[PDB]
Structure formats: structure tokens, C-alpha cells
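Engineer: I'd like to ask you about the structure that follows.
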Amino acid sequence: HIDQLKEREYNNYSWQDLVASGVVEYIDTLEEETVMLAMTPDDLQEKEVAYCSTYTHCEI
Amino acid sequence: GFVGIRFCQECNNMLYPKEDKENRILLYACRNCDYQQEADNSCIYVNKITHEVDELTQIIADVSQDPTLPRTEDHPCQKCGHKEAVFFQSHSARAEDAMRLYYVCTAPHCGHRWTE
Ligand SMILES: [Zn+2]
Ligand SMILES: [Zn+2]
């Protein structure tokens, strides 16, 4: 996805493609209360003291 | 012990209690209908000042499949003996003073719950 997006502008690739591909998702304030949000993808998932290990989403 | 509502047989309405003065027994009459039935519990009302409610009776087995709930491996289940298990406080208002956890097994077809 990153490679296909970095070559945008030139061809035709945009955010709608990411949304349709199933990588991002719109979570509203009422649903955000029932998801294990994560701050960064790398730091908060490697392998350490078992905090939750059940992250569902991750912020940009 | 507690007392539950028992509806009528014909009109299906609330049955109020009645102390039979003739036979000296407890009856449940109907406001509208004239139905009668001999009682068996010998109780009418009970009040729980301390409100000693067992939180385990409110907890459900579906809590296990919660993505935003902690899990521990040091408190395995009893019946099935699975390792993974969840834990959480009462999560109910009017908590007197206790953060005692309520461990629930995290595995299908078990739904067991316990406390330590
Ligand atoms: Zn009746
Ligand atoms: Zn179990």
C-alpha cells in the first residue's frame, strides 16, 4: 500500500483506495469506547510485559 | 429468600395477599377476578438493607470476548482448566467499598466465573 500510494499524483491513487482495500476505518466517538486503540504500530506491539496484546486499531 | 410475583389464572393480573380469617391461612386474591390459591412460601416482603447482591449472578459469559478487557495467565479456570482468563472490578454503580475482581474464563463453551 505504501509503495502504491507514494506513486500517487502521477497515476491515480488516492485515499479512497485505502478505505476500500480494508486498511483504514472510520470510528466515531460513540464507537471509540469499545476498541483497544494503539498509539504507534512498532513500539506498542513487539514483545514485552503482557499488557493487553489485543489491539484492534492504531492511530495514524 | 425472596418473593416473586404470581399472576392470576383467568384475568392474568397481580395477586394481592390475603389472610383468611376463617381457616387461618394465607391466600392470594385478585383485585378484579375472584380467583384464590393456597400459598406455600409464607412470605410477603423482604428488604435487604445491606443489599448483599452477588455480582457473579450479573456477570455473563459473553464478557470474555471483549477486546478492551485485561487478561491474565496466572488464574486458570477450574472446570475446563484453560489458562487464559479475564478479570475486572464490579463495574456496577453504588459500590460500597471493594475493588474485588471477578475472574471469568476466556474460552468457548465454558463461561465459568470465579473470585479469589
Ligand atoms: Zn384474577
Ligand atoms: Zn474454563
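To match Swiss-Prot, the residue numbers of chain B are left as they are there, and the shown ones run 10-125.
Determined via electron microscopy, 2.9 Å.
Cβ coordinates come from backbone N, Cα and C, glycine included.
In case it helps, Swiss-Prot gives these features for our protein:
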BINDING   B:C17, B:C20, B:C39, B:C42  Zn(2+) 1 binding site
BINDING   B:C86, B:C89, B:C114, B:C119  Zn(2+) 2 binding site
ZN_FING   B:17-42  zinc finger
ZN_FING   B:82-124  zinc finger
Engineer: For B:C42 (Zn(2+) 1 binding site), which residues of its chain lie six or more apart in sequence with Cβ-Cβ distance below 8 Å?
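Structural biologist: Once residues fewer than 6 apart are set aside, B:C42 (Zn(2+) 1 binding site) is near B:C17, B:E19, B:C20, B:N22.
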Engineer: Compare the Cα of B:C39 (Zn(2+) 1 binding site) against each of the binding-site residues B:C86, B:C89, B:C114 and report the nearest.
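Structural biologist: Result: the closest of the binding-site residues to B:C39 (Zn(2+) 1 binding site) is B:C114.
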Engineer: Do any of the binding-site residues B:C42, B:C89, B:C119 touch ligand 1, in the sense that the CB is under 6 Å from one of its atoms?
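Structural biologist: Going through B:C42, B:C89, B:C119 in sequence order, those close to ligand 1 turn out to be B:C42.
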Engineer: Say we define neighbours as other CB atoms within 10 Å of the CB. Which of the binding-site residues B:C89, B:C119 has the fewest?
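Structural biologist: The binding-site residues B:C89, B:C119 were compared, and B:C89 has the fewest Cβ atoms within 10 Å.
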Engineer: Around ligand 2, within a Cβ distance of under 6 Å, which of the binding-site residues B:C17, B:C20, B:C42, B:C89 show up?
Structural biologist: B:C89
Engineer: Name them in sequence order: residues not among B:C17, B:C20, B:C39, B:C42 whose Cβ is within 8 Å of the mean position of the Cβ atoms defining the Zn(2+) 1 site.
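Structural biologist: Sorted by sequence, the hits are B:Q18, B:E19, B:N21, B:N22, B:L24, B:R40, B:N41, B:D43, B:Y44.
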Engineer: Give me the long-range Cβ neighbours of B:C86 (Zn(2+) 2 binding site): same chain, 6+ apart, Cβ under 8 Å, in sequence order.
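Structural biologist: Spatial neighbours, sequence-distant, of B:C86 (Zn(2+) 2 binding site): B:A94, B:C114, B:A116, B:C119, B:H121, B:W123.
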Engineer: So which of the binding-site residues is most packed in, judged by how many other Cβ atoms lie within 10 Å of its Cβ, out of B:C17, B:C20, B:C39, B:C114?
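Structural biologist: Compared across B:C17, B:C20, B:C39, B:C114, the most Cβ atoms within 10 Å surround B:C114.
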Engineer: Please report the DSSP secondary structure of B:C114 (Zn(2+) 2 binding site), reduced to three states.
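Structural biologist: DSSP call for B:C114 (Zn(2+) 2 binding site): strand.
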Engineer: Using the Cβ center of B:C86, B:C89, B:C114, B:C119 as the Zn(2+) 2 site position, which other residues in that chain lie within 8 Å, going by their Cβ?
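Structural biologist: Here the non-site neighbours turn out to be B:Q87, B:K88, B:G90, B:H91, B:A94, B:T115, B:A116, B:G120, B:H121.
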